[PDB]
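Below you'll find the structure, written out as structure tokens, and then a few comments.
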There are 12 protein chains.
Amino acid sequence: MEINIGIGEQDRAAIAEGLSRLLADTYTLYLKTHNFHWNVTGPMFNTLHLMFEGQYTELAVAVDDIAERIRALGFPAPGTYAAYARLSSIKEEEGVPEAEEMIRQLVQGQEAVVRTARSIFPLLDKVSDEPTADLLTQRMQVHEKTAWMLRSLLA
Amino acid sequence: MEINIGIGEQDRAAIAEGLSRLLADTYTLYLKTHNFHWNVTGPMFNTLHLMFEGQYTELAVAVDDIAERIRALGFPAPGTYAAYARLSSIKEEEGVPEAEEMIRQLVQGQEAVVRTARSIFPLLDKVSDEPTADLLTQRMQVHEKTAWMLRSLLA
Amino acid sequence: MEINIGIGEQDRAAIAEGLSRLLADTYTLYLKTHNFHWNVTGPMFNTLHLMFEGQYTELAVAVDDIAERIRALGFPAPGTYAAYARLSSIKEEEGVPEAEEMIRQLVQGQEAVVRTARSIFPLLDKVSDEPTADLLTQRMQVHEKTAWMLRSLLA
Amino acid sequence: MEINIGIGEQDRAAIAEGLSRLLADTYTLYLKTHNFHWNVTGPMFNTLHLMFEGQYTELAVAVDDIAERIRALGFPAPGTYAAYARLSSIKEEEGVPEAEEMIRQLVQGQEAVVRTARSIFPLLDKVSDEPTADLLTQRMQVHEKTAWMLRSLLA
Amino acid sequence: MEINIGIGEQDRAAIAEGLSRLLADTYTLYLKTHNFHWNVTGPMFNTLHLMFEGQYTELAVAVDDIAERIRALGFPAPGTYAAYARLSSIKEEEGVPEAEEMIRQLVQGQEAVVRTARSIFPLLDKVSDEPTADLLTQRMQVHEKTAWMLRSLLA
Amino acid sequence: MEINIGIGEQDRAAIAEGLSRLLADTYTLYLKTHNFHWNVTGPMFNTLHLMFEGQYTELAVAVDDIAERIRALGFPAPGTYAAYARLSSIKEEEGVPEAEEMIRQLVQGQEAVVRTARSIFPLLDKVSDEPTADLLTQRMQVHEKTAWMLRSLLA
Amino acid sequence: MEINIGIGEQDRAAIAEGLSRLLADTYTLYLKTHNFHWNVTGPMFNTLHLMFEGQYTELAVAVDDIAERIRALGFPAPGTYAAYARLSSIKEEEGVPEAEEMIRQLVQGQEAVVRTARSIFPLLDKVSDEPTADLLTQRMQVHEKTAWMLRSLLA
Amino acid sequence: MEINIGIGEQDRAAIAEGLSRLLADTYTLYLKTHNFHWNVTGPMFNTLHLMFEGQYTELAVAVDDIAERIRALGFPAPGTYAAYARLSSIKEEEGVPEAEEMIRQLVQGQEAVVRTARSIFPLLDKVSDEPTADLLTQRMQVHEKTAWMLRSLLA
Amino acid sequence: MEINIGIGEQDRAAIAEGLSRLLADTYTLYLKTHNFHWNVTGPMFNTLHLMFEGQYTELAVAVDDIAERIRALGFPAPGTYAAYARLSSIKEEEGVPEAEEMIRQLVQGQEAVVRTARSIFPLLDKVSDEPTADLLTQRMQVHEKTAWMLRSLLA
Amino acid sequence: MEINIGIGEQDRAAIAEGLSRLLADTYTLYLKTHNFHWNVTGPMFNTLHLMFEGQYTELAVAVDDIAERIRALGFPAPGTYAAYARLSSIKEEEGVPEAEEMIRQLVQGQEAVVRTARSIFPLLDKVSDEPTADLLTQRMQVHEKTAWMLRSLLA
Amino acid sequence: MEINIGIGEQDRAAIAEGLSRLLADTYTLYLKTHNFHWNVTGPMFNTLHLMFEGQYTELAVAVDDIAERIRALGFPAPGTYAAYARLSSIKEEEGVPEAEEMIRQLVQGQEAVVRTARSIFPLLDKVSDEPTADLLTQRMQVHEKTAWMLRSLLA
Amino acid sequence: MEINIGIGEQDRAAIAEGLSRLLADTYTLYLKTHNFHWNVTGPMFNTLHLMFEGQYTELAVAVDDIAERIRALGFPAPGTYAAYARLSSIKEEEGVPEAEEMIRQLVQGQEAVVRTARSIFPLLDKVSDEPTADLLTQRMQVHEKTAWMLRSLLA
Ligand SMILES: [Fe+2]
Ligand SMILES: [Fe+2]
Ligand SMILES: [Fe+2]
Ligand SMILES: [Fe+2]
Ligand SMILES: [Fe+2]
Ligand SMILES: [Fe+2]
Ligand SMILES: [Fe+2]
Ligand SMILES: [Fe+2]
Ligand SMILES: [Fe+2]
Ligand SMILES: [Fe+2]
Ligand SMILES: [Fe+2]
Ligand SMILES: [Fe+2]
Ligand SMILES: [Fe+2]
Ligand SMILES: [Fe+2]
Ligand SMILES: [Fe+2]
Ligand SMILES: [Fe+2]
Ligand SMILES: [Fe+2]
Ligand SMILES: [Fe+2]
Ligand SMILES: [Fe+2]
Ligand SMILES: [Fe+2]
Ligand SMILES: [Fe+2]
Ligand SMILES: [Fe+2]
Ligand SMILES: [Fe+2]
Ligand SMILES: [Fe+2]
Ligand SMILES: [Fe+2]
Ligand SMILES: [Fe+2]
Ligand SMILES: [Fe+2]
Ligand SMILES: [Fe+2]
Ligand SMILES: [Fe+2]
Ligand SMILES: [Fe+2]
Ligand SMILES: [Fe+2]
Ligand SMILES: [Fe+2]
Ligand SMILES: [Fe+2]
Ligand SMILES: [Fe+2]
Ligand SMILES: [Fe+2]
Ligand SMILES: [Fe+2]
Ligand SMILES: [Fe+2]
Ligand SMILES: [Fe+2]
Ligand SMILES: [Fe+2]
Ligand SMILES: [Fe+2]
Ligand SMILES: [Fe+2]
Ligand SMILES: [Fe+2]
Ligand SMILES: [Fe+2]
Ligand SMILES: [Fe+2]
Ligand SMILES: [Fe+2]
Ligand SMILES: [Fe+2]
Ligand SMILES: [Fe+2]
């Protein structure tokens with residue numbers, strides 16, 4: 001059945017490509033946060049284990065919402081290790097850093113998602129896709145708040 | 001008591017006129033979805049009876065939110081068969097279609113409401129009314145997601 | 001598949017006709033109550049906004065129950081503005097009356113539904129349809145309690 | 001202690017006998033529904049596994065209510081395979097039918113309980129046992145609604 | 001405002017008089033049950049303290065439903081010691097009986113409410129007051145189930 | 001089994017006598033508040049119906065707590081119309097006053113219970129019954145708060 | 001689709017045969033417990049009514065778990081009176097025993113289910129089926145705990 | 001740790017200064033609303049006591065959300081009487097007005113917060129701070145809806 | 001950090017010593033109650049198993065509240081078998097009494113805690129430690145109520 | 001309507017003056033706690049952000065309870081920045097202290113509220129106002145518990 | 001601090017290595033299931049969207065449980081795309097298969113996890129690690145049940 | 001009534017002796033954890049107070065489960081200070097250690113319970129008691145997980 005939501009095929013494709021980068025960043029941050037939840041040690045273990053648990057639980061919902069916006073636009077949502085490694089701007093950590101370095105990496109991760117979201121608004125200006133713009137705004141709000149709570153631990 | 005929310009009376013009347021069409025479309029789609037919920041038959045009965053129930057339940061809240069935004073702008077909210085029949089662009093179904101035609105009609109219904117919402121943004125861009133713009137964006141998000149789920153059944 | 005519930009087809013059709021009138025009245029009262037919920041003003045705004053919310057919330061469930069009893073009897077449930085205007089004995093209000101007149105109209109609405117319910121019982125005795133008779137009885141109970149609560153506001 | 005509820009011992013015994021048949025039918029349908037819940041296969045597995053779960057869960061409560069009405073009338077409630085096999089009008093299925101045949105058998109099962117309930121009303125009329133009449137009416141309502149939901153899957 | 005629910009003023013007044021006796025009996029049983037809840041002793045203390053608690057909790061809701069049916073019929077609901085002592089057929093217990101006598105009096109109390117309820121049906125036959133008839137039937141169901149549970153303790 | 005809670009039998013008997021009057025006053029107020037809940041009319045029906053429901057719901061718990069304190073002191077708790085009519089200082093209303101007069105009466109009821117509670121404190125001075133003193137204090141707190149909310153309606 | 005869970009088809013059939021006897025025993029105990037719940041009398045009625053309710057509620061869930069393990073092994077789950085009478089080792093009670101005898105029979109029933117579970121482990125040691133062994137262990141744990149609670153009543 | 005969220009330091013400082021004013025105005029309206037909740041009297045006491053409770057409860061959450069957006073921007077959130085008095089544009093009420101004047105003041109307060117929110121948008125346009133824009137929009141929607149509910153009481 | 005709560009160090013030390021005896025008694029009663037919960041047998045098993053469960057569950061919270069009041073006064077809370085055995089006035093039961101003797105011992109236990117609480121008030125009066133006096137009062141209320149429920153089982 | 005709660009007008013005014021100082025201290029501590037919740041940084045951010053949230057959430061309920069006790073005594077509750085700055089003994093912090101200094105200040109704040117409550121008991125002794133004394137006691141309990149938890153963080 | 005749980009370090013490392021493969025397989029199945037949840041189309045969309053959501057929700061909890069068992073054994077839990085691609089035996093699907101192929105792949109995935117779990121038991125028989133064996137058994141139970149539900153759709 | 005669960009009396013006694021030592025160790029660790037919960041201080045207070053609270057809450061359930069397995073085996077569950085001091089291998093802490101030493105002692109306590117559980121398996125290998133083996137396994141799983149969480153704080 002044809003899709004008639006006021007956005008043309010090539011524009012929906014370009015928006016889906018941007019949201020695919022956002023999905024890949026968000027999913028990579030999800031797994032990194034889950035990883036640090038398991039692997040963090042030292043005197044802040046209790047609070048960081050819990051904090052990273054809240055963060056990855058929220059990111060699991062965000063992954064679903066971003067993916068299903070791609071579906072609403074008429075395209076398949078990427079969902080493999082290869083697709084996400086190709087699209088993600090977040091570099092993974094293959095070892096076990098000190099807790100302060102875990103916090104710093106997760107701050108940079110929040111900012112990377114924000115940076116990807118910001119890269120998409122120019123396209124949305126040209127096209128007028130208010131639902132996707134609101135999604136991006138919600139994600140920016142969450143990552144900017146989380147960035148504050150994480151960097152506050154360092155000071 | 002004078003209303004002083006930063007929008008003049010005839011500008012508020014114009015936004016309320018557009019929201020009245022959005023309300024009438026939303027309410028007509030609500031009754032149609034409720035109708036199909038009761039009347040659908042065939043092997044997809046259980047899943048469509050449930051899917052349509054979730055949709056009309058969400059629409060009943062949306063009708064209330066759209067109507068109370070009209071009130072916040074200082075105008076009466078329309079609420080009769082005659083008023084909605086006059087304002088609605090949704091085509092009503094007087095008989096009992098087969099399930100796949102019910103699904104098709106509801107997809108077109110979602111897209112019709114999006115179109116009505118999209119028609120109001122030019123006005124908000126002249127007058128500046130960010131709360132209504134957010135309301136319209138939420139309706140477009142819900143209806144575009146619902147159109148994906150519905151049309152996915154026909155693939 | 002044949003329907004063997006102990007009521008013949010012609011009697012099931014006659015009961016469904018009566019329930020179609022009850023459904024149309026109930027749905028018309030639902031919309032009128034919802035209308036007054038949005039549009040009432042004056043010193044009793046808070047209490048009537050709330051009271052009318054409770055009533056239309058209940059009536060939305062009642063619509064579903066009546067329509068699904070029609071389905072159980074083997075007939076399509078009506079669900080359009082045209083069908084309900086043809087069948088309803090409640091007169092819609094196209095303006096915005098004063099609060100006391102809103103209350104008075106809703107009292108009369110409760111009593112109109114009771115009247116339609118009473119009209120159906122003679123048919124049910126002849127054919128013994130105990131489930132439909134209990135449904136009618138429940139509606140009369142709800143509308144007669146609601147009539148008391150509304151008319152108490154006038155005194 | 002004597003039982004003085006406005007119904008003589010012989011009439012209570014006769015009503016208890018009728019309810020024993022209703023209980024046996026309801027319990028046999030309960031087990032058949034539970035059986036089909038485990039054993040159904042094919043593309044409708046997810047919907048029918050869930051639908052039959054809802055139905056057997058409701059029937060388990062109904063068995064308790066019918067049995068406890070027998071106890072309120074002053075007689076023991078039957079509760080063995082031999083007693084239910086002797087009293088039940090529902091034939092059990094010893095194999096694993098196709099899903100559509102499972103649906104058909106459950107429709108007939110609903111109608112068999114309705115038929116048993118109908119057969120008890122004459123006694124209740126001659127004797128004025130309003131609580132039992134209301135129990136029978138509630139069972140007829142549930143089974144007639146369930147029959148509609150089931151046979152709609154076959155259209 | 002006029003009351004047009006299909007029952008004449010003289011008949012509504014006679015039904016309200018019957019419900020007043022039922023209200024009085026139910027409230028007197030409520031207090032007696034609450035009394036025994038406090039004052040029962042011996043090895044069955046824990047079970048009877050709890051069982052009587054469940055019973056008086058249910059009766060408090062019943063008194064409200066009975067009183068508000070009187071109000072729906074257009075008459076004030078009685079609510080004083082003097083009014084209830086004049087209308088109640090339940091004899092109060094001024095001392096502290098043994099647990100077994102407490103149980104036996106509560107059985108008789110259930111049966112007294114049933115008896116008062118049965119006395120009202122003839123009036124409802126000539127008049128067609130279905131909601132009141134259903135209320136009476138509900139009370140009869142509850143009191144006959146409670147009578148079975150209480151007298152079972154004595155066996 | 002002897003009671004050894006640090007209060008001799010004569011003092012326990014005197015405290016119980018005082019609590020017996022507090023119980024009768026609390027229960028009388030409970031029934032009066034319940035009565036006004038049913039019978040109030042006029043433009044304040046909705047808010048007074050609800051307010052009086054909250055009050056009688058709280059009073060029902062208070063009755064149980066006061067009676068059980070009497071039980072803990074070693075004496076039976078009174079629970080009959082004749083006992084409460086004898087022990088109570090609260091005047092019952094046998095008719096249906098106007099709403100403003102219902103409010104006034106309930107204000108005077110709250111203050112009467114406070115007076116009855118106040119009358120018991122001297123017995124506890126002598127004896128050091130700290131649990132009873134806390135129960136009286138809580139009743140005074142509730143009733144003084146309720147008196148403010150009620151009389152605030154009259155200003 | 002072919003089943004590849006690491007257990008050959010005839011070995012799965014043998015485990016399913018053992019679980020079918022366990023299912024038949026558990027379901028027979030379920031119906032006996034339900035029967036005694038309705039029919040027990042005497043001074044222990046309240047506590048046994050409740051205790052047996054808790055037991056049959058647990059057993060209803062265990063029946064579903066056992067049946068679905070048979071399904072996971074690739075075989076139909078038996079579910080008729082004839083099948084369960086054939087496969088069960090627990091004998092039903094066709095009359096109404098005294099309460100102490102009901103308790104004794106339920107103790108023996110718990111122990112019968114333990115014995116049936118035990119009888120299956122030799123097969124599992126040969127074949128290796130750790131999920132089934134864990135299910136059997138859970139049923140032994142529940143039935144041994146329940147036997148303690150039941151026989152404690154008789155001491 | 002550097003803040004890299006796509007908004008330079010001077011722009012973040014300016015937005016935080018604007019939100020500091022929104023925070024002060026929101027907290028001042030919070031305390032005024034809480035004040036009127038305690039201090040309102042007259043026949044609308046119940047409805048206004050409840051209505052103003054809902055409002056100050058929502059405002060307390062809004063205070064936290066606005067302050068934490070300031071934190072996300074990298075600046076301290078003000079939170080003292082001196083700071084809020086200095087930053088607020090709403091004037092406090094030091095006495096106890098009549099209920100209609102309390103309503104009027106709270107309507108004006110809603111509109112004053114809307115004005116403070118409006119004053120911040122010019123700054124976000126230049127900079128593109130989509131999360132803050134959404135926050136201002138949410139506050140405008142809540143205050144404009146609340147203004148409608150309050151001013152409806154005066155009509 | 002100095003402690004400045006209006007009570008000098010020596011008086012706080014003396015209050016903490018008294019609360020240490022109350023904590024020891026309460027913890028010893030908690031373990032005894034938990035013991036009898038496991039070990040009681042006979043026809044009251046179900047009721048005493050449940051009643052003792054409610055009691056020990058409440059006592060667990062009380063232990064925490066007493067200990068933390070000691071901490072608030074500035075002293076370590078005792079928490080070992082030797083500390084509690086040294087301070088406790090409750091004598092432990094090393095065997096398995098009959099149920100009636102378990103009930104009697106638990107009555108005496110409630111009274112032992114009350115006795116210990118009464119021994120502390122003189123100190124509190126001389127010093128005005130109102131929070132500790134309220135804690136003692138709440139413990140006395142619970143234990144005197146529990147003593148009533150337990151001894152009522154014996155009568 | 002006269003206030004007759006057993007405390008004379010001048011004494012109620014004096015008690016209300018003391019509670020006004022308590023309210024002002026509690027509200028000032030509420031805002032200081034809210035402030036530190038937003039502004040704290042360093043490795044203890046997570047634990048202190050959450051601890052201070054729990055504290056200000058509880059203080060918000062306490063401010064309402066203290067204010068409504070003032071109302072129950074017949075006096076208006078103060079509720080402005082100026083009224084609280086005049087009455088409060090807590091000095092506000094206009095900057096952003098180190099986390100350890102925030103904790104120290106919050107300890108001193110709990111003790112300041114305790115000191116204000118203690119200053120009122122002499123008056124209450126002369127007048128006899130048990131509800132107010134119980135409220136002060138509860139505040140002292142909460143603040144002394146909170147002081148222990150806070151000062152424990154320093155050790 | 002040394003780990004002394006009764007298993008030597010290289011034996012724990014070997015168990016951790018096996019569980020790392022189980023974790024990688026579970027996580028790969030999790031993402032594949034989430035992918036298919038987003039991307040499935042056709043008439044089974046509604047039921048497969050729901051079924052796959054329930055599955056990936058369960059798998060997300062299982063990932064955490066398996067990772068935290070690795071942590072309990074004293075080893076870091078892997079958690080990157082590169083590690084999971086290296087350790088997994090399940091192949092991802094890079095395209096969008098038809099619904100029946102999605103079902104078949106998820107059946108094969110359940111069976112793949114069972115094989116990986118099964119492959120670890122030989123090590124557990126040499127070393128003895130009953131907690132890990134119970135985790136493996138739980139995963140086998142879940143995946144075998146899920147395989148039945150999935151393959152039933154293809155029958 | 002004889003116990004027939006497939007284990008001979010002296011074999012059950014031996015299993016119950018082992019579980020009695022596990023119960024004593026679990027209860028000793030419970031009290032030590034509760035003690036440290038009250039008495040810990042320093043910058044980790046908030047996290048350790050909460051962490052130790054979660055642990056002692058879980059242990060309280062474990063104590064009940066272990067004791068009631070002893071009861072299912074037909075033996076009394078020990079429950080006094082003297083019995084637990086005799087049976088326990090965990091030593092109590094009579095003073096107030098620094099937080100890091102509290103953590104270290106609780107790690108050692110978790111490992112002690114694991115050793116006690118492990119010590120019972122040789123017996124169960126001779127006797128066969130799968131329910132007890134599963135209980136031991138669950139305790140080993142919980143204590144090994146808790147040991148990781150605790151020792152992670154010391155890294
Ligand atoms: Fe965790
Ligand atoms: Fe989803
Ligand atoms: Fe938004
Ligand atoms: Fe204009
Ligand atoms: Fe439905
Ligand atoms: Fe609304
Ligand atoms: Fe939004
Ligand atoms: Fe939006
Ligand atoms: Fe609303
Ligand atoms: Fe429906
Ligand atoms: Fe009914
Ligand atoms: Fe009904
Ligand atoms: Fe299932
Ligand atoms: Fe039952
Ligand atoms: Fe029952
Ligand atoms: Fe009914
Ligand atoms: Fe009670
Ligand atoms: Fe009511
Ligand atoms: Fe009924
Ligand atoms: Fe009913
Ligand atoms: Fe009501
Ligand atoms: Fe009670
Ligand atoms: Fe108190
Ligand atoms: Fe208190
Ligand atoms: Fe084989
Ligand atoms: Fe199932
Ligand atoms: Fe297990
Ligand atoms: Fe096992
Ligand atoms: Fe309030
Ligand atoms: Fe916050
Ligand atoms: Fe928004
Ligand atoms: Fe605690
Ligand atoms: Fe926060
Ligand atoms: Fe309040
Ligand atoms: Fe208190
Ligand atoms: Fe090795
Ligand atoms: Fe979804
Ligand atoms: Fe975790
Ligand atoms: Fe296992
Ligand atoms: Fe397990
Ligand atoms: Fe397992
Ligand atoms: Fe042996
Ligand atoms: Fe605590
Ligand atoms: Fe237990
Ligand atoms: Fe238990
Ligand atoms: Fe296990
Ligand atoms: Fe195991």
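Every chain in the structure tokens takes a letter, A first, then B, and so on in the order presented; its residues are numbered from 1, and the ligands are numbered from 1 following the presented order.
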Which residues are near residue 141 (chain I)? Cut-off 10 Å, only C-alpha atoms, ignore same chain within fewer than 2 positions. Put them as an mmCIF file with C-alpha atoms, in the first residue's frame.
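File produced: out-v3.cif:
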```cif
data_model
loop_
_atom_site.group_PDB
_atom_site.id
_atom_site.type_symbol
_atom_site.label_atom_id
_atom_site.label_comp_id
_atom_site.auth_asym_id
_atom_site.auth_seq_id
_atom_site.Cartn_x
_atom_site.Cartn_y
_atom_site.Cartn_z
ATOM 1 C CA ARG F 69 -8.218 -0.504 72.512
ATOM 2 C CA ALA F 72 -6.694 -4.615 74.812
ATOM 3 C CA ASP F 129 -1.593 4.745 79.795
ATOM 4 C CA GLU F 130 0.508 6.167 76.976
ATOM 5 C CA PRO F 131 -1.124 4.121 74.162
ATOM 6 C CA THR F 132 -4.616 5.368 75.034
ATOM 7 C CA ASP F 134 -1.850 8.654 71.758
ATOM 8 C CA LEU F 135 -5.165 7.334 70.422
ATOM 9 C CA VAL I 114 5.852 -3.345 77.689
ATOM 10 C CA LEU I 135 8.532 5.265 70.006
ATOM 11 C CA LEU I 136 7.975 3.589 73.387
ATOM 12 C CA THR I 137 4.294 4.470 73.157
ATOM 13 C CA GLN I 138 3.985 2.894 69.701
ATOM 14 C CA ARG I 139 5.693 -0.291 70.891
ATOM 15 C CA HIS I 143 2.341 -5.280 72.097
ATOM 16 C CA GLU I 144 -0.804 -4.649 74.127
ATOM 17 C CA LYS I 145 -2.956 -5.228 71.030
ATOM 18 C CA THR I 146 -1.018 -8.415 70.212
ATOM 19 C CA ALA I 147 -1.370 -9.600 73.831
#
```
Per-residue nearest contacts of chain I to chain F (12 Å; only C-alpha atoms) as JSON lines:
```
{"residue": "I:100", "atom": "CA", "partner": "F:1", "partner_atom": "CA", "distance": 11.5}
{"residue": "I:101", "atom": "CA", "partner": "F:1", "partner_atom": "CA", "distance": 11.8}
{"residue": "I:103", "atom": "CA", "partner": "F:1", "partner_atom": "CA", "distance": 10.8}
{"residue": "I:104", "atom": "CA", "partner": "F:1", "partner_atom": "CA", "distance": 8.3}
{"residue": "I:105", "atom": "CA", "partner": "F:1", "partner_atom": "CA", "distance": 11.3}
{"residue": "I:107", "atom": "CA", "partner": "F:1", "partner_atom": "CA", "distance": 9.2}
{"residue": "I:108", "atom": "CA", "partner": "F:4", "partner_atom": "CA", "distance": 8.4}
{"residue": "I:109", "atom": "CA", "partner": "F:4", "partner_atom": "CA", "distance": 10.8}
{"residue": "I:110", "atom": "CA", "partner": "F:5", "partner_atom": "CA", "distance": 8.8}
{"residue": "I:111", "atom": "CA", "partner": "F:5", "partner_atom": "CA", "distance": 5.8}
{"residue": "I:112", "atom": "CA", "partner": "F:5", "partner_atom": "CA", "distance": 8.7}
{"residue": "I:113", "atom": "CA", "partner": "F:5", "partner_atom": "CA", "distance": 9.6}
{"residue": "I:114", "atom": "CA", "partner": "F:5", "partner_atom": "CA", "distance": 6.6}
{"residue": "I:115", "atom": "CA", "partner": "F:6", "partner_atom": "CA", "distance": 7.1}
{"residue": "I:116", "atom": "CA", "partner": "F:6", "partner_atom": "CA", "distance": 10.6}
{"residue": "I:117", "atom": "CA", "partner": "F:6", "partner_atom": "CA", "distance": 10.5}
{"residue": "I:118", "atom": "CA", "partner": "F:6", "partner_atom": "CA", "distance": 7.9}
{"residue": "I:119", "atom": "CA", "partner": "F:6", "partner_atom": "CA", "distance": 10.4}
{"residue": "I:121", "atom": "CA", "partner": "F:128", "partner_atom": "CA", "distance": 9.5}
{"residue": "I:122", "atom": "CA", "partner": "F:128", "partner_atom": "CA", "distance": 10.8}
{"residue": "I:125", "atom": "CA", "partner": "F:128", "partner_atom": "CA", "distance": 11.9}
{"residue": "I:133", "atom": "CA", "partner": "F:130", "partner_atom": "CA", "distance": 8.9}
{"residue": "I:134", "atom": "CA", "partner": "F:134", "partner_atom": "CA", "distance": 8.4}
{"residue": "I:135", "atom": "CA", "partner": "F:131", "partner_atom": "CA", "distance": 10.6}
{"residue": "I:136", "atom": "CA", "partner": "F:130", "partner_atom": "CA", "distance": 8.7}
{"residue": "I:137", "atom": "CA", "partner": "F:131", "partner_atom": "CA", "distance": 5.5}
{"residue": "I:138", "atom": "CA", "partner": "F:131", "partner_atom": "CA", "distance": 6.9}
{"residue": "I:139", "atom": "CA", "partner": "F:131", "partner_atom": "CA", "distance": 8.8}
{"residue": "I:140", "atom": "CA", "partner": "F:131", "partner_atom": "CA", "distance": 6.4}
{"residue": "I:141", "atom": "CA", "partner": "F:131", "partner_atom": "CA", "distance": 5.1}
{"residue": "I:142", "atom": "CA", "partner": "F:131", "partner_atom": "CA", "distance": 8.9}
{"residue": "I:143", "atom": "CA", "partner": "F:5", "partner_atom": "CA", "distance": 9.3}
{"residue": "I:144", "atom": "CA", "partner": "F:72", "partner_atom": "CA", "distance": 5.9}
{"residue": "I:145", "atom": "CA", "partner": "F:72", "partner_atom": "CA", "distance": 5.4}
{"residue": "I:146", "atom": "CA", "partner": "F:72", "partner_atom": "CA", "distance": 8.2}
{"residue": "I:147", "atom": "CA", "partner": "F:72", "partner_atom": "CA", "distance": 7.4}
{"residue": "I:148", "atom": "CA", "partner": "F:72", "partner_atom": "CA", "distance": 5.1}
{"residue": "I:149", "atom": "CA", "partner": "F:72", "partner_atom": "CA", "distance": 8.2}
{"residue": "I:150", "atom": "CA", "partner": "F:1", "partner_atom": "CA", "distance": 10.2}
{"residue": "I:151", "atom": "CA", "partner": "F:1", "partner_atom": "CA", "distance": 6.7}
{"residue": "I:152", "atom": "CA", "partner": "F:1", "partner_atom": "CA", "distance": 9.0}
{"residue": "I:153", "atom": "CA", "partner": "F:1", "partner_atom": "CA", "distance": 10.3}
{"residue": "I:154", "atom": "CA", "partner": "F:1", "partner_atom": "CA", "distance": 7.8}
{"residue": "I:155", "atom": "CA", "partner": "F:1", "partner_atom": "CA", "distance": 7.8}
```
Report task. Please identify the residues whose atoms come within 7 Å of ligand 26, using only C-alpha atoms and all ligand atoms, and report them as a ChimeraX atom specification. Result -> /D:37-38,53 /G:64-65,68
Query raised in the report: When the cut-off is 12 Å and you count only C-alpha atoms and all ligand atoms, which residues lie near ligand 36, shown as a list in words?
Result: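 Protein and nucleic-acid residues within 12 Å of ligand 36: residues 6, 7, 8, 9, 10, 11, 12, 13, 14, 15, 123, 124, 125, 126, 127 and 128 of chain K.
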**Report entry** Long-range neighbours of region 44-48 of chain A as a PyMOL selection string, 8 Å cut-off, only C-alpha atoms, 3 positions minimum in chain
**Finding:** (chain A and resi 37+40-41+51-52+99) or (chain J and resi 43+46-47) or (chain L and resi 47+51+149+152-153)
Query raised in the report: Which residues come within 12 Å of residue 63 (chain A), counting only C-alpha atoms, excluding same-chain residues fewer than 5 positions away, as JSON, numbers by chain?
Result: {"A": [19, 20, 21, 22, 23, 24, 25, 26, 27, 28, 29, 30, 31, 56, 57, 58, 68, 69, 70, 77, 78, 79, 84, 135, 139], "K": [31, 34, 35, 38]}
Query - Atom pair CA of residue 60 (chain K) / atom 1 (Fe, counted along the ligand's line) of ligand 8: separation (Å) - result: 29.0 Å
